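Counting neighbours? That spans all protein chains shown, and the Cβs are built from the backbone with ideal geometry, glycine included. Derivation of every value follows stated rules applied to the coordinates shown; laboratory data play no part.
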Amino acid sequence: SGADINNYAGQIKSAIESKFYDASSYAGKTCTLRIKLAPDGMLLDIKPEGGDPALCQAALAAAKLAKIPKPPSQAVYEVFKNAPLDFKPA
Amino acid sequence: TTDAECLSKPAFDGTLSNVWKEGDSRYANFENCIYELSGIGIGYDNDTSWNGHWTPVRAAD
């Protein structure tokens, strides 16, 4: 389901976005993370895979706090089980 | 289809595929143009598909 995948991604992004503070304070910085998702949308684990130490810390906090909903289905879950996240504020 | 034409196209939120990485940044082909990812982006399909904010930066190639 292509739209389900996109809409769920947008909900992950939306969820993290709202726990992500002073975004433009990091304009120019980059951080990339990897998550491990539970089937109910809880974060099992998150590891920073490079970038600006300060942005990365904020990103880590955002994600840990984010309230990611349950995937629309197991199919969509599988797609994002190990999703990489990019934080590149503008 | 020129750089100037691409820049004039609207940014959007959504998924592009066959995304590639130059330096710290990610790019993808769309509408004969190249778009760049900003914001918080979510990856999948082995990091070749990315959801987020895409902005046209230049023409293909």
- prompt: Given that compact globular proteins tend to follow 2.2 N^0.38 Å, what is the ratio of the alpha-carbon Rg of segment A:10-90 to that value?
  reply: 1.05
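Relative contact order (percent) for chain A, with alpha-carbon contacts under 8 angstrom and 6 or more residues of separation?
Details: 151 pairs, mean separation 37.8, N = 90.
After rounding, I find 42 percent.
What percent does the relative contact order of chain B come to when contacts are Cα pairs within less than 8 Å and at least six residues apart?
Details: 127 pairs, mean separation 25.7, N = 61.
Relative CO of chain B lands at 42 percent.
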field: Span from the segment A:34-65 Cα centroid across to the segment B:1-35 one, whole angstrom
entry: 26 Å
Whole-percent pair-distance distribution, where bins are 5 Å wide, for the alpha carbons of the protein assembly as shown: 2, 10, 20, 23, 20, 14, 8, 3, 1, 0
message: Need one value for A:79-85: mean number of C-beta atoms belonging to other chains within 10 Å of its residues' C-beta atoms.
response: 4
task: Obtain the nm distance between the two label points defined at A:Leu43 and A:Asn82 by a simple spin-label model: each point lies 7 Å from its Cα along the Cα-to-C-beta direction.
output: 1.9 nm
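Can you pull the mean other chain C-beta count within 10 Å for peptide A:5-11? Let's see the in-between values first.
Details: counts 6, 6, 1, 3, 11, 6, 1.
That works out to 5 on average.
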message: Please list, ordered by chain and number, the residues whose modelled amide H lies under 5 Å from the amide H of B:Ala59; skip anything fewer than 5 residues away on the same chain.
response: B:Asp3, B:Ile34
